[PDB]
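Here's the structure, in structure tokens; my notes come after.
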Amino acid sequence: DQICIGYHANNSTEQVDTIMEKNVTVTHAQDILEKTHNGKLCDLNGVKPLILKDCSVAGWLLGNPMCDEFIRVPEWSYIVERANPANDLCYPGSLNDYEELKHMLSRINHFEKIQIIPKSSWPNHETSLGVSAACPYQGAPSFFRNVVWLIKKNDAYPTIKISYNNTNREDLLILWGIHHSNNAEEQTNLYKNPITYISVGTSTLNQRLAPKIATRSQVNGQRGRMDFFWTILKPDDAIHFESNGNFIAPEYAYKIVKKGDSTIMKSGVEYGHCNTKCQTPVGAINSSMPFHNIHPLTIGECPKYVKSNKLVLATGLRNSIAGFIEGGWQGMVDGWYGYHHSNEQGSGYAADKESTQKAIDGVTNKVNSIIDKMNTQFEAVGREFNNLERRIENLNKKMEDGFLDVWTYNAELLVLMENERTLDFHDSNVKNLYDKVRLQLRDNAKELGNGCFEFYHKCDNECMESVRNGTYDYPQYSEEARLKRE
Amino acid sequence: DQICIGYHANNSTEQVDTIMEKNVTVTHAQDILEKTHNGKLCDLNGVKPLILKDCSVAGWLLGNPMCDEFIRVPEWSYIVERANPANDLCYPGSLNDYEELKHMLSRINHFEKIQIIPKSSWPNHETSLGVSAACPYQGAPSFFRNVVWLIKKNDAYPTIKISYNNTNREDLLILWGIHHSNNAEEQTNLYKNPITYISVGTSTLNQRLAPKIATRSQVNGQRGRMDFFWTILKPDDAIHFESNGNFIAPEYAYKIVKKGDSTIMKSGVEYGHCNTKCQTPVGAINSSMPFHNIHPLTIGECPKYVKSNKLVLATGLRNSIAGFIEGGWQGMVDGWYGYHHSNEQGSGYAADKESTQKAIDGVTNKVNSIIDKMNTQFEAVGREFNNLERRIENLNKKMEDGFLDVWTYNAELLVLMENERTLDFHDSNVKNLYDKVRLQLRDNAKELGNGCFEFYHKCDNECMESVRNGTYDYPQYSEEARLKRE
Amino acid sequence: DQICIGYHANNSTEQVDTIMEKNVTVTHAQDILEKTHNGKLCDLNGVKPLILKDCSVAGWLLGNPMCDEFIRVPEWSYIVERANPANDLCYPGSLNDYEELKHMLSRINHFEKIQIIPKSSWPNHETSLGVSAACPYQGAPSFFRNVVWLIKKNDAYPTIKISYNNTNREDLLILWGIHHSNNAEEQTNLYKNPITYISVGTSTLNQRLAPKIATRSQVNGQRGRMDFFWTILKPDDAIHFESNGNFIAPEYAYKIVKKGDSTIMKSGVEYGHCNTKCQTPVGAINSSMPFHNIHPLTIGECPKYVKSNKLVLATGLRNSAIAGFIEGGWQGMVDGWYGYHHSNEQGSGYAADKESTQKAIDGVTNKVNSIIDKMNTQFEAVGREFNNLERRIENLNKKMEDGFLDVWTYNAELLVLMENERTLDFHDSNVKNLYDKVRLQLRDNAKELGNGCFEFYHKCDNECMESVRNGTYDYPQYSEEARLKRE
Ligand SMILES: CC(=O)N[C@@H]1[C@@H](O)[C@H](O[C@@H]2O[C@H](CO)[C@H](O)[C@H](O[C@]3(C(=O)O)C[C@H](O)[C@@H](NC(C)=O)[C@H]([C@H](O)[C@H](O)CO)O3)[C@H]2O)[C@@H](CO)O[C@H]1O
Ligand SMILES: CC(=O)N[C@@H]1[C@@H](O)[C@H](O[C@@H]2O[C@H](CO)[C@H](O)[C@H](O[C@]3(C(=O)O)C[C@H](O)[C@@H](NC(C)=O)[C@H]([C@H](O)[C@H](O)CO)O3)[C@H]2O)[C@@H](CO)O[C@H]1O
Ligand SMILES: *[C@@H]1O[C@H](CO)[C@@H](O[C@@H]2O[C@H](CO)[C@@H](O)[C@H](O)[C@H]2NC(C)=O)[C@H](O)[C@H]1NC(C)=O
Ligand SMILES: *[C@@H]1O[C@H](CO)[C@@H](O[C@@H]2O[C@H](CO)[C@@H](O)[C@H](O)[C@H]2NC(C)=O)[C@H](O)[C@H]1NC(C)=O
Ligand SMILES: CC(=O)N[C@@H]1[C@@H](O)[C@H](O[C@@H]2O[C@H](CO)[C@H](O)[C@H](O)[C@H]2O)[C@@H](CO)O[C@H]1O
Ligand SMILES: *[C@@H]1O[C@H](CO)[C@@H](O)[C@H](O)[C@H]1NC(C)=O
Ligand SMILES: *[C@@H]1O[C@H](CO)[C@@H](O)[C@H](O)[C@H]1NC(C)=O
Ligand SMILES: *[C@@H]1O[C@H](CO)[C@@H](O)[C@H](O)[C@H]1NC(C)=O
Ligand SMILES: *[C@@H]1O[C@H](CO)[C@@H](O)[C@H](O)[C@H]1NC(C)=O
Ligand SMILES: *[C@@H]1O[C@H](CO)[C@@H](O)[C@H](O)[C@H]1NC(C)=O
Ligand SMILES: *[C@@H]1O[C@H](CO)[C@@H](O)[C@H](O)[C@H]1NC(C)=O
Ligand SMILES: *[C@@H]1O[C@H](CO)[C@@H](O)[C@H](O)[C@H]1NC(C)=O
Ligand SMILES: *[C@@H]1O[C@H](CO)[C@@H](O)[C@H](O)[C@H]1NC(C)=O
Ligand SMILES: *[C@@H]1O[C@H](CO)[C@@H](O)[C@H](O)[C@H]1NC(C)=O
């Protein structure tokens, strides 16, 4: 007859690290790092994104002859663009303030194209010869579909003076361009006026431009250039145009309502018809964990990016007729702490749910607190700087590197500390049980020093159950123990 | 005859949360979050801020007729401006590099207005006709008070050549502008010359401008525009002007001395005859606490911004014929740990001074270290970007959000873990007292197991005080205890 | 006759601070803050930096006459420049996009100067009179050595048209400028053309410029101005020039290959002929500690910057023949951390326990090594490159630096204090464990004096004492002896 105190053990082989030891085996463990994704593009909060395929924002807006597929998108949440678009600008040139326009057009609540100036509004100018071989369409020269290129008619170029009243209830996006010739002979052949100018004016815009005739290298077989501009028109504002040559008039305008912000996404993966909350260039994330290591660039409410490859929290016990000093019992299955009973009546294991419940609740509460004490908010990450803005890009890189280092260090140190804290908490609990059963039986038995007590007298199964309950009668067997001694 | 060990208890109801349990009840607690403000604008380190009421910086500088009376306030620390100023640029137009001037005019010492070019310096030009209905004054047309609008005289407009030494010992701020006409007839009516230009040159400035004549939408009944410029003149530099029309000449200049930097606050709160160290748009704060949740935008030496609503540290014990493991003692005032005594003379309470003093010192040191290990620096937070710089604004927002998240997470985790440690720090000392008295007692008494010892022999008040002091004589009562043992 | 427990103590006077106490004396301690530097400028990863001495970047590129140090360094890691260079621009003027060019002129893999337009290519223009007193050389007027100032010849200025087709296999850097006159008479005397223009065009460049004639202040005795421009030419592109006056044609071009990125250091320290890994304007840092307080501006893989002056991590014992619960100043034990002091008729000695000491030292070493090693360090170049009209971005960067500094300082100090508190308990727990292990083996054969010793009733000699240290004790052997000794 003897009674011993031990702890649960199993065949688990999971390993964790503490501040002082490394590769400590535990019975149970939990991971708090996310490392998986679905590998597809899916909707953000029920709003389908916009996919431009092989086109670009400028080509889509200006109406490139090879990018007319996209004509119906009521709204979108973010824009997906290929890293190296093929069809961007058939005619060589540039667009002013491209990056700001892209950032503004990132997220649009409502989008619709309307016609503001019919082609019949130019009786004294030719509107059918404005084509070039640099913009082929089905093997024939063509031009942008959203603008019209005006040339002289009957060897005359009368001055142009028109204005537009905005009568719609939303803002309008308008684009126009100017063409640079190559030499004086070409300028005379195209516009008949050696000197030309363009004047554009609104309630807040005041612009005046002149052509720049010079010699330039060939791009796409053309030496000329075209520069385009854009503006936003108020609901009750008006815009006035005036020019006498080298003018590319607008034909279509876009009705735009903006009530949010986002960024532009560079990826090559395909659509997947899902709904998600966080999006990455290589897939989507559906995890509640506070840390991840998938990709730096993310859109939406996402966990924090860290460098570490493993963050495991220890939740179980230290894996390994005896006692708690030697090791953990394998015969016990229910509970974490308990007693192994043994006498002439029988043998077996009995668990102590009172402390096991407290330990389980404490561990679960710690894990839940660590997971849920993190605050997240909507964010958009991307690269939105051109060649001549390297300093700001370097500053942003400093931002990201510093934040990454801070988060990595904090997470690693927190995990390393908490593992050891949990282990010593378990040791304290088992020792508390051991001296709880102590100080009650008194001198009726002796402690072998291995975590067990050998009763001098005979303690029945009811007596042992009462001992487990915490109620024991010492004078009942005091005399039996006394004459048992020696 | 028995001696028992216990701890303090009271009628408190404060609650604190640990890493394992939520709102256990404690006797005493302290808050380390600031949530109060006076709701008024105070001076910053004894320096009056600048309040523009219903004006704007450009309107105040240029001298809008309905806006400014006179300068006052030779020095200031920061500028308070309303969200939507009413009087600003009565004549439609714009000011070049407005944001840079706004930022540079934040904190200024010895700001004084002087006159450089008297109106008598224009004998061949008209100076009393430059008025417009767009800037009325007491029901009559007027103009800006700091500049002069020049008109042709006797149907002529001779060329203007003027230069100015800066003989003063401080930097000088000068402003000028150019006017855009509407048509050729209006240009001829205002100035004889049909083609005009403006040339401005200093040791580091080289500018040449020409008017732009076009059709624009009317604002405030005027279709014209005026653009203004500014520059800083060195203490021994000179500035040269040259124009032949469409020239707005300066009349007054400001002597400026700058050392430091601040920002501009958008608020509507009134002044309160106050002196603070940290200022917010909704009020002023002074405190020593490391964290606050009042307003994201702050100026001065302010605590860190967090999102949490409650941050409470525990500085006491766990609240709830007795013993250690029963609960607290309501009846024993004046102490944290102590002994309850009961002999045949009577019963009462006594406290251990040394352990209580040590615990109080430790808790106070912990709280003071947590509060005082924080480093504070002067900072100015505000929004200083226009509509065409959205990317930098997004970068600043990412800045602020990341810092807020880091601080919130760190503060919450630290508070929880320190509460955990402090809550069970006291149990070690109480256990130490218990086994200390048990060690001195040895086997002269019997342990009831609830935290007391039943004395076999008689222990008078002198003996009881000796036991508390730590001077017990085992051989004195050993024989009596042996006889009583049977 | 008795056995006692204690711990090692010595004569060290190191002091550490915990969360609850201050001025705590410890036996051993280790610092994790770096505060020393060699005070020299040394190479970065075997690549010698570029030292410009008293010449600025613009003067070095344009070929200032007073910067005759035409030493060739094919590859450099970073640029060292004085705070206030003296020889910058002999002729007053400005350089467009100066800051971007300076940023791009950081670490360069390959650099070489070649001639693209010989002076013989101007038969109808004068190329020998383009000198000024503002650029002296050995007491004579001179000009920049990389550009040519063209003047009218035979009272005529024919229009200039030229192109250059890039046959090299690397990118090319080209610079050109335009001169502003003072009045109509000077313009007529210099170029004979009242109205002039400059046209430059490449596959991606389209620029047109016109002179601005006005009255300006006198700088270096000259009232004129000169504005310069730069561009990058692709390996198979060409550049076309066209002007009729006020033109400064290029003569030499730079052939450049760029791979990485760096910044510019402002310092006055001398060269040191080293090979370091982290650089600082006041010296070089050679250390593995995670924190330092030398200088905010650094280049390369460097530790974090904090405002603290001391960061000491406790790794020893509480410094101050009975011990265990009274002062454990056992100066006799000099061979371990925990042990026993024994005494009987044969003699006395200070034995030590190897297992507990090994466990404690392994744990402390693992803690210190983990704290030191769990640092992520990446290459970062920190500088201050912003002009007078970009103060807002500079303020943003300053806020960045201040916030990061505050976060790191607070975290480091709190971690150090808390870890010292944690470490100052493990030793006491080990001592207590050893004490109870010593107990429950003698049971009732000895009297626990409570001062930290046990006094055996029976007679135990050196062999029995060694056995009880070994963990093997024969209780029944001396049970009857303890019984008869008990009164
Ligand atoms: C060896 C020889 O003589 N070869 C010529 C060959 O050079 C010539 O090419 C024409 O060259 C001009 C440049 O001087 C243009 O590039 C012509 O291109 C087109 C185009 O882009 O399709 C023709 C088109 O009709 C034009 N459109 C309008 C609205 O005017 C445009 C336009 O002029 C330019 O783009 C303006 O910059 O140019 C190109 O064909 C050919 C002519 O066919 O003849 C060979 O013999
Ligand atoms: C139905 C009808 O015929 N109504 C006219 C009415 O249009 C006309 O108005 C004047 O209109 C002109 C535009 O053509 C200007 O807007 C006049 O404005 C003033 C002003 O701002 O007060 C007059 C002032 O004297 C001018 N100041 C100077 C220094 O020259 C300025 C100046 O010309 C402009 O601001 C330059 O852009 O304009 C406005 O009064 C009136 C004329 O009284 O007659 C009605 O019959
Ligand atoms: C901690 O105290 C709060 C009381 O402030 C308890 O939270 C309340 O829970 C009830 C129902 O469970 C809700 O109806 C209240 O709205 C809660 N109060 C607040 C302020 O949210 C909470 O239960 C306590 N903690 C635990 C573990 O019981
Ligand atoms: C503005 O006036 C000052 C003072 O008269 C001029 O500085 C003087 O210049 C003359 C000749 O240039 C010197 O002889 C004096 O010694 C200078 N005086 C001082 C106090 O420096 C200055 O030149 C004038 N401005 C300009 C543009 O010439
Ligand atoms: C008072 C006077 O007439 N002085 C002139 C000098 O100005 C002149 O020096 C030349 O001045 C021009 C400016 O007009 C220019 O700066 C030349 O570079 C400079 O050499 C000098 C010529 O030798 O003659 C004096 O009489
Ligand atoms: C800890 O375990 C891992 C996994 O097997 C192993 O790679 C590593 O070397 C171990 N560490 C030590 C110090 O042995
Ligand atoms: C545009 O038309 C509306 C409708 O009459 C009018 O109110 C508005 O003034 C017009 N815009 C301008 C600039 O006159
Ligand atoms: C995400 O995962 C959860 C399980 O963790 C699953 O129930 C859910 O359907 C998944 N998808 C979404 C959109 O939440
Ligand atoms: C708690 O007890 C103190 C001690 O007298 C008393 O002053 C206080 O009012 C009591 N509080 C409550 C809520 O009863
Ligand atoms: C903070 O404000 C209070 C007024 O509510 C004032 O009594 C206190 O003295 C202030 N703090 C300091 C340091 O002056
Ligand atoms: C401390 O002890 C060491 C070890 O012998 C000795 O070398 C050193 O000189 C001592 N220091 C002092 C100040 O006595
Ligand atoms: C701790 O030591 C320093 C250094 O000698 C001393 O200045 C400081 O006052 C000490 N702390 C206390 C509380 O005395
Ligand atoms: C430069 O030379 C190559 C060599 O054939 C030629 O193909 C290329 O067209 C030339 N560049 C230009 C702009 O013509
Ligand atoms: C860096 O410090 C270590 C440690 O003393 C030394 O061995 C090494 O030589 C140092 N490196 C250089 C380049 O001096």
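Ligands are numbered from 1 in the order shown, residues from 1 within each chain, and chains are lettered A, B, ... in the order they appear in the structure tokens.
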
Q) Please, which residues of chain C lie no more than 8 Å from chain B when the count uses only C-alpha atoms, and can they be set out as a ChimeraX atom specification? A) /C:19-21,212,214-219,389-392,396,399-400,402-403,406,409-410,413-414,450

Keeping N, CA, C and O atoms for every residue in the selection just given, could you write it to a file as a short mmCIF file (atom, residue, chain, number, x, y, z; two decimals), in the first residue's frame?
data_model
loop_
_atom_site.label_atom_id
_atom_site.label_comp_id
_atom_site.auth_asym_id
_atom_site.auth_seq_id
_atom_site.Cartn_x
_atom_site.Cartn_y
_atom_site.Cartn_z
N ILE C 19 13.73 45.70 -11.16
CA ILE C 19 12.48 46.44 -11.15
C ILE C 19 12.19 46.98 -9.75
O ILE C 19 11.78 48.14 -9.59
N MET C 20 12.41 46.17 -8.72
CA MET C 20 12.03 46.55 -7.37
C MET C 20 13.16 47.18 -6.56
O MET C 20 12.87 47.87 -5.57
N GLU C 21 14.42 46.97 -6.92
CA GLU C 21 15.54 47.49 -6.13
C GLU C 21 16.57 48.17 -7.02
O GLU C 21 16.62 47.96 -8.23
N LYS C 212 17.30 84.37 -70.48
CA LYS C 212 16.57 85.38 -69.72
C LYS C 212 17.53 86.54 -69.44
O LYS C 212 18.48 86.39 -68.66
N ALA C 214 18.20 90.07 -67.86
CA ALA C 214 17.71 90.95 -66.81
C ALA C 214 18.89 91.42 -65.97
O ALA C 214 20.03 91.00 -66.19
N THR C 215 18.61 92.29 -65.01
CA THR C 215 19.62 92.82 -64.10
C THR C 215 19.59 92.03 -62.80
O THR C 215 18.53 91.85 -62.20
N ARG C 216 20.76 91.56 -62.37
CA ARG C 216 20.89 90.74 -61.17
C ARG C 216 22.00 91.30 -60.29
O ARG C 216 22.75 92.19 -60.69
N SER C 217 22.09 90.76 -59.08
CA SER C 217 23.12 91.17 -58.15
C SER C 217 24.48 90.64 -58.59
O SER C 217 24.59 89.73 -59.42
N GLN C 218 25.53 91.23 -58.02
CA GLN C 218 26.90 90.87 -58.37
C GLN C 218 27.40 89.78 -57.42
O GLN C 218 27.48 90.00 -56.21
N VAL C 219 27.74 88.63 -57.98
CA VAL C 219 28.30 87.51 -57.23
C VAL C 219 29.63 87.14 -57.86
O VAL C 219 29.69 86.87 -59.07
N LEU C 389 13.60 73.98 -49.94
CA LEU C 389 12.17 74.02 -50.25
C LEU C 389 11.49 72.67 -50.05
O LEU C 389 10.46 72.40 -50.68
N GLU C 390 12.04 71.82 -49.20
CA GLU C 390 11.47 70.50 -48.92
C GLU C 390 11.52 70.21 -47.43
O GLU C 390 11.88 69.11 -47.00
N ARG C 391 11.16 71.20 -46.60
CA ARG C 391 11.28 71.05 -45.16
C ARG C 391 10.27 70.06 -44.59
O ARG C 391 10.52 69.44 -43.56
N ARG C 392 9.11 69.92 -45.24
CA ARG C 392 8.07 69.04 -44.71
C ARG C 392 8.52 67.58 -44.71
O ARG C 392 8.31 66.86 -43.72
N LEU C 396 9.13 64.99 -41.58
CA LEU C 396 8.60 63.63 -41.53
C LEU C 396 9.70 62.63 -41.19
O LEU C 396 9.51 61.74 -40.34
N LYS C 399 10.66 62.89 -37.56
CA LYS C 399 9.66 62.21 -36.73
C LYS C 399 9.87 60.70 -36.75
O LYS C 399 9.77 60.04 -35.71
N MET C 400 10.16 60.15 -37.93
CA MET C 400 10.48 58.73 -38.05
C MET C 400 11.62 58.34 -37.11
O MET C 400 11.50 57.39 -36.32
N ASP C 402 12.93 59.92 -34.51
CA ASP C 402 12.65 60.11 -33.09
C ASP C 402 11.74 59.01 -32.55
O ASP C 402 11.97 58.49 -31.45
N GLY C 403 10.70 58.65 -33.31
CA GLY C 403 9.80 57.60 -32.85
C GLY C 403 10.50 56.26 -32.69
O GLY C 403 10.33 55.57 -31.68
N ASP C 406 12.77 56.34 -29.58
CA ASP C 406 12.04 56.23 -28.33
C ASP C 406 11.57 54.80 -28.09
O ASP C 406 11.71 54.27 -26.98
N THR C 409 14.60 52.55 -27.15
CA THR C 409 15.14 52.84 -25.82
C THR C 409 14.23 52.29 -24.73
O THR C 409 14.70 51.61 -23.80
N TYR C 410 12.93 52.57 -24.83
CA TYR C 410 12.00 52.12 -23.80
C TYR C 410 11.99 50.60 -23.70
O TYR C 410 12.08 50.03 -22.60
N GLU C 413 15.35 49.22 -22.11
CA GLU C 413 15.47 49.44 -20.67
C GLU C 413 14.53 48.52 -19.89
O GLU C 413 14.93 47.90 -18.89
N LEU C 414 13.27 48.43 -20.33
CA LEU C 414 12.32 47.58 -19.61
C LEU C 414 12.75 46.12 -19.65
O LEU C 414 12.68 45.41 -18.63
N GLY C 450 18.17 25.36 11.85
CA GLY C 450 17.45 26.46 11.24
C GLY C 450 18.33 27.59 10.74
O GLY C 450 17.84 28.46 10.02
#

(Q) Select, as JSON, numbers by chain, those residues of chain B with any atom no more than 6 Å from chain A (distances computed using only C-alpha atoms). (A) {"B": [19, 20, 216, 217]}

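Across the model, the gap from atom CA of residue 301 of chain C to atom CA of residue 382 of chain A is 25.6 Å.
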
Q: Around ligand 9, at most 9 Å away and counting only C-alpha atoms and all ligand atoms, which residues are there? Put them as JSON, numbers by chain, please.
A: {"B": [10, 11, 12, 13]}

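Put simply, atom CA of residue 248 of chain C is 18.6 Å away from atom CA of residue 88 of chain C.
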
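The closest residue to residue 419 of chain A, picked from A:23, A:280, A:168, A:263 and counting only C-alpha atoms, is A:23.
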
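Pairwise distance (atom CA of residue 478 of chain A, atom CA of residue 443 of chain C) equals 20.3 Å.
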